[PDB]
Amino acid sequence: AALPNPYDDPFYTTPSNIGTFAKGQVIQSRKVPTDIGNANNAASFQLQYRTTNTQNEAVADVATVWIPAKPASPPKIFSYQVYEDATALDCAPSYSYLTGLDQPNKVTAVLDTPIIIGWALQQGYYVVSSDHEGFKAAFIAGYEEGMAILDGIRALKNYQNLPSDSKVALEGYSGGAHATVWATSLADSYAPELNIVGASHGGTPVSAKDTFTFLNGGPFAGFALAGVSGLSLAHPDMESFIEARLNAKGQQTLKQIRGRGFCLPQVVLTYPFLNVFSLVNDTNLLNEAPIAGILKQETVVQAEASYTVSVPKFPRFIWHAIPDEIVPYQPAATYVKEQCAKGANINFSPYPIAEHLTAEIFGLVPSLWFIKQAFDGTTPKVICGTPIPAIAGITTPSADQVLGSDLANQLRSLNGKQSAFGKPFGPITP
């Protein structure tokens, strides 16, 4: 690619004086060439900034920002979260965004991603996409991800000298939706000064445990293992518990998934029909200390949580395939149900006839339209959590009206094309 592998780059290291930096303070910046940056005539930069990890230690992270040629005013920050879905450093979004084709997780940056970030830049929004997994690549570690994203937004504000009351919106799907919901959940306590006006996420993993039990032993069982890997990297007490119980097969498998170049496509292809419990000497692994307690912390479902879960009050759009075969629908429906009961403002779009990858496209145009409405202060008034399948041209403007001819044609060409997961994308409308 345009830069060396992150493993070979001192930009992806925490400096010794990291404790002198405030949360979201920029340590370093560099100009980078990106596919999206070239396509939209927007300057892209990488920011090394200070953030906080799960163990509450000061650490560095990297985010990619795009500066629109003609910015909207007042300043609007669009925070985009990718479905990285891996536990290796070079799977980082920042590296995948670069011009080049050899990045192992390149696929996460070339399908619907350029359309979304492209659209935001054409609106004049400043765009930030953080490496939400951090330098340890702790996949599905909620506190790690949420804090990294919120500091990433702070980093862009600091870098571009944007006003303290700049409007913020967040968007993501799949693994990116987990990162997004966690950022919105931690915003009140960790980053209350951020003017978050809206959020939009779909195919959302809201419970680490429920996603694990859903995926384990099936064709996408690699993500169950990746989740175990990522949580362990974020929780040292879980790491030690699992390592002591790993058999010979388990020890080599855990090393493999954390190895350089092992990213989303490798996770998909390598571990179909893997039972994660065959890697340890205990089937009751999840119900035991300290794992049971950690899983009660690594959820935004109040019924499962061992803490009081935040209820973001700003307008939100949440979509999901009811028949989702990768990220379970019911935990996400329960989350919406719980949030609405405690006073959330959620536009809920469950699709009765869809899959994980087809709902990714079905909810895209409505997602972006909702975000523009959140920025303009014109989100529709709905009964919280009432099922309204969102359809471009019916419940929102058409793909061409929202995206323009160029980006809508790019979205239409995704129909029948292989995704990161191997499954094909479908049409814009169900």
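In case it trips you up, residue 1 is the first one in the sequence shown, and so on.
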Query raised in the report: Can you tell me which stretch has the higher mean Cα B-factor, 263-271 or 327-335?
Result: 263-271
Requested in this report: Mind pulling up the entry and telling me whether 76-84 or 249-257 has the higher mean Cα temperature factor?
Outcome: 249-257
Report summary line: In this crystal structure's PDB entry, the residue among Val382, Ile361, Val59, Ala63 with the greatest CA B factor is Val382
Report task. Pick out which of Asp102, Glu243, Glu171, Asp90 has the highest C-alpha B-factor in the PDB entry. Result -> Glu243
Report summary line: In terms of its chain's C-alpha B-factors, the third that includes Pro366 is the lowest
Query raised in the report: By its CA B factor, does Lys296 count among the lowest, middle or highest third of the modelled residues in the chain?
Result: highest
**Report entry** Among modelled residues of the same chain, the CA temperature factor third for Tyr190
**Finding:** middle
**Report entry** Position of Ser310 among the chain's modelled residues by C-alpha B-factor, lowest, middle or highest third
**Finding:** middle
Requested in this report: Would you please rank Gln46 by its C-alpha temperature factor against the other modelled residues of its chain and give the third it falls in: lowest, middle or highest?
Outcome: lowest
